[PDB]
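Shown here is one chain on its own, the form deposited without the named molecule, set out as structure tokens.
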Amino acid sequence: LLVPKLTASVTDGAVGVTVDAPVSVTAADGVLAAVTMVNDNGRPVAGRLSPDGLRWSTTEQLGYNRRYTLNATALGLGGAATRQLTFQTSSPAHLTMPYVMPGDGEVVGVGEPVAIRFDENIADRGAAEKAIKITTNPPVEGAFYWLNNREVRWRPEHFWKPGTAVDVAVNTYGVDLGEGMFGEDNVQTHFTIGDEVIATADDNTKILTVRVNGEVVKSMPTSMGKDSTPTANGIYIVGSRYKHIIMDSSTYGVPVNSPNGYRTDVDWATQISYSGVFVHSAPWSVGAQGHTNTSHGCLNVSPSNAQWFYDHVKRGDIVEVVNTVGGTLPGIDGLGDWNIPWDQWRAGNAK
């Protein structure tokens, strides 16, 4: 007859045990008769034993900077075996919390990237990407690209197909993200791609044309950026929308008392770049809309068309600006991700 054997997922005397996975104990040639795990001061850790008695596992989150002691006894026909193991978990220098966009259960447009923003700089971008699990249905190829030291984006080559489910599991708890920085917790979100909505502003006609699944539903006279402060050409992702908002130039880097500065309250404003480009109500330029450019870069439209845009365009929908005398919107604006060529995006920048 054989004496039972105990196998644990940790070793006695281990340090830096990562807390991104449960701790388990398994019995062979016998079953687990007693398993307890206790922290540095007596408190039991929640666990569960399998019905067949062969495997025990922790069932709650294990902590950073803990000294745990595991006691297990296996019994079989051939006798008994008991082991005691003590180990120490990861000791982070710092924690970082991820924040994910878009919201859980939201329906968004075909241009919405997966966004994960950490509240600290990430030293090991590769470890962060490896810890993020993206599921798509129908499955589509996508890739990670960093906009800055804190925020990474994931998207396909082309705009999402309507009806696509997207699941984002940010499994950063217990993960070393470089230089002693560990994930504060896991986060999760799930969203769905809705109708294809692409609004094109053509400087040659000064009309913003809204197409839904390829059909024109709206044609808005617009006044874009004057020659000296033009609207950049390119693909813009629709972000947040406001029934009214105070536009403060210092938010976007420019003092109000400055020459190019401003602080003005405007109605029905849909944001389309982090640099502060909005579609919004401009009752003062209705005469110019459809004829001449007069703005600081915004897409000025009529009050009723701005409210229409607010009501009918959603986060993740697309605005494309073409034929202006401006440059191209920066790929790393915040809402300019589609201006980065796919070969460059797919190659990534985790180094």
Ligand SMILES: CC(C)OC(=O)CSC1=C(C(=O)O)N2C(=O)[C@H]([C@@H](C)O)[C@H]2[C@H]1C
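All residue numbers are counted from 1 along the displayed sequence. Definition used throughout: the rigid core is the maximal C-alpha set that superposes within 1.5 Å between two forms.
Visitor: Do the Cα atoms of 242-250 stray more than those of 182-190 in 8 other deposited structures of this protein, or is it the other way round, with the core held fixed?
Guide: Stretch with the larger root mean square C-alpha distance in 8 other deposited structures of this protein: 242-250.
Visitor: When the Cα temperature factors in the entry are averaged, is it 64-72 or 35-43 that ends up higher?
Guide: It is 35-43 that shows the higher mean C-alpha B-factor.
Visitor: Looking at the entry, does 4-12 or 340-348 show the higher mean C-alpha B-factor?
Guide: The stretch with the larger mean CA B-factor is 4-12.
Visitor: Using the temperature factors in the entry, find which of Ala232, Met101, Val256, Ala128 has the highest value at its Cα atom.
Guide: By C-alpha B-factor in the record, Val256 ranks first.
Visitor: Determine which member of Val321, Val313, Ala288, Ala306 has the highest CA B-factor, using the values in the deposited entry.
Guide: Of the candidates given, the C-alpha B-factor peaks at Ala288.
Visitor: What third of the chain does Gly327 rank in for C-alpha temperature factor, lowest, middle or highest?
Guide: Highest third.
Visitor: Would you check the entry's CA temperature factor for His94 and let me know if it's in the chain's lowest, middle or highest third?
Guide: According to the entry, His94 has a C-alpha B-factor in the chain's highest third.
Visitor: Comparing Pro162 with the other modelled residues of its chain, is its CA B-factor in the lowest, middle or highest third?
Guide: Lowest third.
Visitor: Would you mind checking where the Cα B-factor of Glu215 ranks among the modelled residues of its chain, as the lowest, middle or highest third?
Guide: Middle third by C-alpha B-factor.
Visitor: Taking only the Cα B-factors deposited for this chain, tell me whether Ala81 sits in the lowest, middle or highest third.
Guide: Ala81: CA B-factor falls in the highest third of its chain.
The following text describes the form deposited with the named molecule bound, which does not appear among the structures shown.
Visitor: Residues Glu112, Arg153 and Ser240 are flagged as a possible site; in the bound PDB entry, is every one of them within 4.5 Å of the named molecule by some non-hydrogen atom?
Guide: Heavy-atom distance to the named molecule in the bound PDB entry: all three under 4.5 Å.
Visitor: Could you work out which of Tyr145, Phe118, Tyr274, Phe159 is the residue within 4.5 angstroms of the named molecule in the bound PDB entry, going by heavy atoms?
Guide: Checked against the cut-off, the match is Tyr274.
Visitor: Between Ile193, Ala131, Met101, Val187, only one gets a heavy atom within 4.5 angstroms of the named molecule in the bound PDB entry; which residue is that?
Guide: Here the answer is residue option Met101.
Visitor: Should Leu335 be classed as touching the named molecule in the bound PDB entry when contacts are defined as heavy atoms within 4.5 Å?
Guide: Looking in the bound PDB entry, residue contacts with the named molecule include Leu335, since a heavy atom lies within 4.5 Å.
Visitor: With a cut-off of 4.5 Å between heavy atoms, is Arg66 one of the residues that contacts the named molecule in the bound PDB entry?
Guide: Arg66: no contact with the named molecule in the bound PDB entry.
Visitor: My question is simply whether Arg315 lines the interface with the named molecule in the bound PDB entry - judged by any non-hydrogen atom within 4.5 Å.
Guide: Yes.
Visitor: Just one stretch in 145-153, 90-98, 206-214, 120-128 has heavy atoms within 4.5 Å of the named molecule in the bound PDB entry, so which one is it?
Guide: After filtering at 4.5 Å, what remains is 145-153.
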